[PDB]
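Q: experimental structure and sequence below.
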Amino acid sequence: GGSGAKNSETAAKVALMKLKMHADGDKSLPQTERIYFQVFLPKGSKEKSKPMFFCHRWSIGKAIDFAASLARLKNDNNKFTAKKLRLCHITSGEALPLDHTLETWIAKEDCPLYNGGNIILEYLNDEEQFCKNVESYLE
(Lines give C-alpha, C1' and ligand atoms only; values in the text may rest on other atoms or scores of the structure.)
Protein backbone atom coordinates (compact mmCIF):
# COMPACT_ATOMS: atom_id res chain seq x y z
CA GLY A 1 0.00 0.00 0.00
CA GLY A 2 0.93 3.65 0.36
CA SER A 3 -0.81 6.57 2.05
CA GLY A 4 -0.31 9.13 4.80
CA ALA A 5 -2.87 11.17 6.72
CA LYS A 6 -2.83 10.17 10.39
CA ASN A 7 -5.20 11.76 12.90
CA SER A 8 -8.33 10.23 11.38
CA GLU A 9 -6.99 7.87 8.72
CA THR A 10 -4.90 6.18 11.41
CA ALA A 11 -8.15 5.19 13.11
CA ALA A 12 -9.05 3.03 10.11
CA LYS A 13 -5.54 1.66 9.64
CA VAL A 14 -5.08 0.71 13.29
CA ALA A 15 -8.48 -1.00 13.18
CA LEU A 16 -7.67 -2.82 9.94
CA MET A 17 -4.48 -4.42 11.24
CA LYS A 18 -6.26 -5.13 14.53
CA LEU A 19 -8.69 -7.56 12.90
CA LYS A 20 -6.38 -8.72 10.11
CA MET A 21 -3.85 -9.52 12.84
CA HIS A 22 -6.11 -12.42 13.81
CA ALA A 23 -7.73 -13.09 10.44
CA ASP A 24 -5.97 -14.82 7.55
CA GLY A 25 -4.09 -12.19 5.56
CA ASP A 26 -1.48 -9.44 5.56
CA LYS A 27 -2.45 -6.06 7.01
CA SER A 28 -1.08 -4.59 3.79
CA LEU A 29 -3.37 -5.80 1.00
CA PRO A 30 -3.64 -4.57 -2.62
CA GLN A 31 -7.43 -4.37 -2.75
CA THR A 32 -8.30 -0.91 -1.45
CA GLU A 33 -12.00 -1.78 -1.42
CA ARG A 34 -11.46 -5.04 0.46
CA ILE A 35 -13.85 -6.00 3.26
CA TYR A 36 -13.39 -7.61 6.67
CA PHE A 37 -15.87 -9.77 8.58
CA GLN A 38 -15.95 -12.48 11.24
CA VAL A 39 -17.09 -15.87 9.95
CA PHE A 40 -18.91 -17.65 12.78
CA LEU A 41 -18.26 -21.37 12.37
CA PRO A 42 -21.26 -23.74 12.33
CA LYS A 43 -19.92 -25.20 15.57
CA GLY A 44 -18.88 -28.76 14.79
CA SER A 45 -15.10 -28.99 14.45
CA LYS A 46 -11.81 -28.50 16.30
CA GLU A 47 -11.82 -24.76 15.63
CA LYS A 48 -14.39 -22.39 17.13
CA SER A 49 -13.90 -19.37 14.87
CA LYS A 50 -12.43 -18.86 11.39
CA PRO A 51 -11.81 -15.20 10.46
CA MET A 52 -11.06 -14.19 6.87
CA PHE A 53 -11.27 -11.08 4.69
CA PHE A 54 -11.86 -10.83 0.94
CA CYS A 55 -13.13 -8.38 -1.68
CA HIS A 56 -16.45 -10.24 -1.94
CA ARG A 57 -18.33 -6.94 -2.25
CA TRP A 58 -19.66 -8.34 -5.53
CA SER A 59 -22.94 -10.23 -5.85
CA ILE A 60 -24.01 -12.34 -2.87
CA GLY A 61 -24.34 -15.37 -5.13
CA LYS A 62 -20.55 -15.56 -5.18
CA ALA A 63 -20.24 -15.09 -1.42
CA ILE A 64 -22.18 -18.26 -0.61
CA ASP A 65 -20.23 -20.37 -3.11
CA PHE A 66 -17.05 -18.95 -1.57
CA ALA A 67 -18.17 -19.55 2.01
CA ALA A 68 -18.47 -23.29 1.37
CA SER A 69 -14.85 -23.20 0.19
CA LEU A 70 -13.41 -21.21 3.09
CA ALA A 71 -15.43 -23.36 5.50
CA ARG A 72 -14.07 -26.46 3.76
CA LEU A 73 -17.54 -27.90 3.18
CA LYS A 74 -19.36 -29.56 0.28
CA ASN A 75 -21.15 -27.35 -2.25
CA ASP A 76 -21.48 -26.37 -5.91
CA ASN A 77 -24.19 -23.71 -6.21
CA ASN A 78 -25.53 -25.08 -9.49
CA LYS A 79 -26.94 -28.62 -9.48
CA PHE A 80 -27.60 -29.60 -5.86
CA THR A 81 -30.88 -30.34 -4.08
CA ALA A 82 -29.32 -30.24 -0.61
CA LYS A 83 -28.55 -27.64 2.05
CA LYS A 84 -25.90 -25.01 1.33
CA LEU A 85 -24.00 -22.69 3.67
CA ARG A 86 -25.23 -19.12 3.22
CA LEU A 87 -24.25 -15.78 4.76
CA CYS A 88 -26.76 -14.16 7.10
CA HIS A 89 -26.76 -10.78 8.86
CA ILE A 90 -25.49 -10.46 12.43
CA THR A 91 -27.99 -9.90 15.23
CA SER A 92 -30.69 -10.25 12.58
CA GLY A 93 -30.63 -13.67 10.94
CA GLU A 94 -31.77 -12.21 7.62
CA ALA A 95 -30.03 -14.27 4.94
CA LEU A 96 -28.19 -12.14 2.38
CA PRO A 97 -30.06 -11.85 -0.94
CA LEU A 98 -28.28 -14.12 -3.42
CA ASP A 99 -30.24 -12.39 -6.19
CA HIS A 100 -28.78 -9.03 -5.20
CA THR A 101 -25.48 -7.19 -4.69
CA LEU A 102 -23.60 -6.55 -1.45
CA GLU A 103 -22.86 -2.92 -2.31
CA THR A 104 -26.61 -2.35 -2.56
CA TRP A 105 -26.96 -3.24 1.12
CA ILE A 106 -24.03 -1.02 2.09
CA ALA A 107 -25.55 1.99 0.32
CA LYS A 108 -29.00 1.12 1.67
CA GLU A 109 -30.37 3.80 4.00
CA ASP A 110 -32.40 1.29 6.01
CA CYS A 111 -29.29 -0.80 6.65
CA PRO A 112 -26.13 1.30 6.08
CA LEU A 113 -23.62 -1.49 6.68
CA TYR A 114 -19.89 -1.44 5.92
CA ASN A 115 -16.68 -3.47 6.14
CA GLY A 116 -15.81 -4.65 9.64
CA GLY A 117 -19.18 -6.20 10.40
CA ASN A 118 -20.04 -9.71 11.54
CA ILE A 119 -21.48 -12.57 9.48
CA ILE A 120 -23.01 -15.98 10.16
CA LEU A 121 -22.57 -19.14 8.08
CA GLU A 122 -25.19 -21.88 8.26
CA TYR A 123 -26.74 -24.49 5.97
CA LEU A 124 -29.88 -22.83 4.59
CA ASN A 125 -31.81 -23.73 1.44
CA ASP A 126 -31.32 -21.20 -1.37
CA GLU A 127 -35.10 -20.75 -1.25
CA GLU A 128 -34.75 -19.31 2.25
CA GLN A 129 -34.36 -15.57 2.82
CA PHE A 130 -34.67 -14.78 6.53
CA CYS A 131 -33.55 -16.83 9.53
CA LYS A 132 -34.96 -16.76 13.06
CA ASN A 133 -33.15 -16.80 16.41
CA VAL A 134 -29.63 -15.91 15.29
CA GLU A 135 -28.45 -17.85 18.34
CA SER A 136 -30.41 -21.02 17.61
CA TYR A 137 -29.82 -20.52 13.88
CA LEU A 138 -28.03 -23.88 13.94
CA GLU A 139 -29.56 -25.24 17.15
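A: That came through fine. Numbers count the residues shown, from 1 in each chain.
Q: mind listing what's buried in stretch 52-60?
A: Using 16 or more other Cβ atoms under 10 Å as the burial criterion, the residues of stretch 52-60 that qualify are 52, 53, 54, 56, 57, 59, 60. Bear in mind the C-beta positions are built from the backbone N, C-alpha and C, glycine included.
Q: secondary structure and distance to residue 110 added to those, as a markdown table?
A: Below are the buried residues of stretch 52-60 laid out as a markdown table (DSSP: H, G, I helix; E, B strand; the rest coil; distance: Cβ to Cβ, whole Å):
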| residue | secondary structure | distance to residue 110 |
| --- | --- | --- |
| 52 | coil | 27 |
| 53 | coil | 25 |
| 54 | coil | 25 |
| 56 | coil | 22 |
| 57 | coil | 19 |
| 59 | strand | 20 |
| 60 | helix | 17 |
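Q: each with direction, which strands does the biggest strand by length in the chain pair with?
A: Using DSSP state E, we find that the single longest strand of the chain is strand 117-123. Strand pairing for strand 117-123, using DSSP bridges, gives strand 37-40 (parallel), strand 85-89 (antiparallel).
Q: before we move on, what SS does residue 106 have?
A: Here residue 106 is recorded as helix under DSSP: H, G, I helix; E, B strand; the rest coil.
Q: what is the neighbour count of it?
A: A count of neighbours around residue 106, defined by other Cβ atoms under 10 Å, yields 15.
Q: that one contacts residue 117, correct?
A: No. In this structure, residue 106 is not within contact of residue 117 by Cβ atoms under 8 Å, at 9.6 Å.
Q: can you put the strands paired with strand 117-123 in CSV and add distance to residue 126 and mean neighbour count?
A: Formatted as CSV, the strands paired with strand 117-123 follow (distance: least, Cβ to Cβ, whole Å; neighbours: other Cβ atoms under 10 Å):
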stretch, distance to residue 126, mean neighbour count
strand 37-40, 19, 20
strand 85-89, 8, 21
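Q: for those strands, which one sits closest to residue 96?
A: Proximity to residue 96, assessed across those by Cβ to Cβ, is greatest for strand 85-89 (4.8 Å).
Q: what does that closest one contact?
A: Applying Cβ atoms under 8 Å, 6 or more residues apart in numbering, the contact partners of strand 85-89 are 42, 60, 63-64, 67-68, 71, 73, 75, 94-96, 98, 111, 113, 119-124, 126, 128, 131, 134, 137.
Q: having no further points to raise, I will conclude here.
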